[PDB]
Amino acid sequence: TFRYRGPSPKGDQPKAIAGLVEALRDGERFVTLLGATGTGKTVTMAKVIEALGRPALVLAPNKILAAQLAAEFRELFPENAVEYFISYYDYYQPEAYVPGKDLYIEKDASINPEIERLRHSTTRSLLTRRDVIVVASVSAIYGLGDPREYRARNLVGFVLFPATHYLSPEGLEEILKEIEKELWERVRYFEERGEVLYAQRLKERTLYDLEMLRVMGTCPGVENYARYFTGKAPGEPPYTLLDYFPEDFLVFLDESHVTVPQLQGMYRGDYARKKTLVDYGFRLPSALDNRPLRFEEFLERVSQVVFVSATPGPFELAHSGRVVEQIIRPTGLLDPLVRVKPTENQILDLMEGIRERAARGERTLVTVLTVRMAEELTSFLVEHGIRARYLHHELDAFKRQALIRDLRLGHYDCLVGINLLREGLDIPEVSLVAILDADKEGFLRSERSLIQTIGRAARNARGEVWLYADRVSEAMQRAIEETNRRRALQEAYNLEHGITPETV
């Protein structure tokens, strides 16, 4: 049973919590929390989890948001089990083969113990208590050992659980025999094609593993033999973390318009990578059975799903039996004013706007559509007295974070990039978001993308978004209307409750 110790619900949180709880108690399979940025979606989720008293899985679109959510839930539920099911995939290199460079890359070995420790802490809690909230990136949902074996194998002071998720040795001996049978069939496949390099590679690698398994009960990359350990038939879905949860667990897909497509595309993405290792003889075809689930398989293994997003995608909108909105922010801050400005003199207009703001301690974010434009605009702004940096698309998560962190701390005043839909860009000091080529085609100028971009100006009491365009596209029109709908609802709530916005 959960014990919430966070802030009491404010703004639209009370009504949203009640609407979600009511739909779930009524048996709705799919429900959406349509929550604007800054409305406190984590507290809403927390209160729903508390009310229903069922273990929960929260999936995030990337490792940064996953870690952040885990940290927040930990603070909100200090006496319960908050777990982070991290994957080595997030920070270390997996096994891979790059054909174009005829390059084989070994998986990183002897990694930071904290990774495996977090995964085991997750599975141990799921088997010992019901007050568990597990946060993970979607990528973490992959093949994992049989929960039955993991559960049945314990030592009893203190109950000690396994040190690995791939126990199930059944008859290691009969298991090793079945793997070797596949090996020689596959070697014959290569020999018949004249591909003796592939046959040799597969033989050496597989026989090495079989010997290490025989003399150690395990080997590096043992997960590749998952199917043999779990007894699953070829092509059948593998066991995953979902199987370690009690049957009535609740699933939240945060940033659902991003996570649902990630869940839909995971199987194919992984298949392309693994199939390559198989085609060149590094792995047996059975390695393809240690994989992510297809979206349909994932849906068969969950019972109720809450999609959370400020801009729900097509799946959520077609399938949800209820949509609950949360628009009013606990802080009372308003969605920004959105202006449309001509392209003539747009750069001089923008530079004047940026310097006016920098003079009073306010920051500006700018999105453009090409790398040449981003490079050139950034240099132009710097030559004209502005502390501007360019958020290059090749920066990795840490680098982006460091660069963004420096804006949050005020080292510079303006960040220019192509894709601003990055984590950490919700900074109170940002009072202007400028969107060049606002009317042009492309993912970053879609109705949803514009709404998400506009939201980066919603943490400041004077936030504005400037759309440079000489025409209004349907995406611009609908994003401006939605921003205005939200702002008006927020102003009405503030006027009823005697609240005047302020920047923190």
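Position 1 is the first residue in the sequence shown; the rest follow in order.
In this entry, 164 to 172 has the higher mean Cα B-factor, the comparison being between 164 to 172 and 427 to 435.
Stretches 394 to 402 and 278 to 286 differ in mean C-alpha B factor, with the higher average recorded for 394 to 402.
Going by the entry's values, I141 shows the largest Cα B-factor out of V258, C414, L197, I141. Per the PDB entry, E95 shows the highest C-alpha temperature factor of the residues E352, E95, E182, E192. Among the modelled residues of the chain, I328 sits in the lowest third by CA temperature factor in this PDB entry. Sorting the modelled residues of the chain by their CA temperature factor places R357 in the lowest third.
Per-chain ranking of the deposited C-alpha B factor places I418 in the lowest third. Compared with the other modelled residues of the chain, the Cα B-factor recorded for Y267 ranks in the middle third. Looking at the C-alpha B-factors along this chain, the one for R372 belongs to the middle third.
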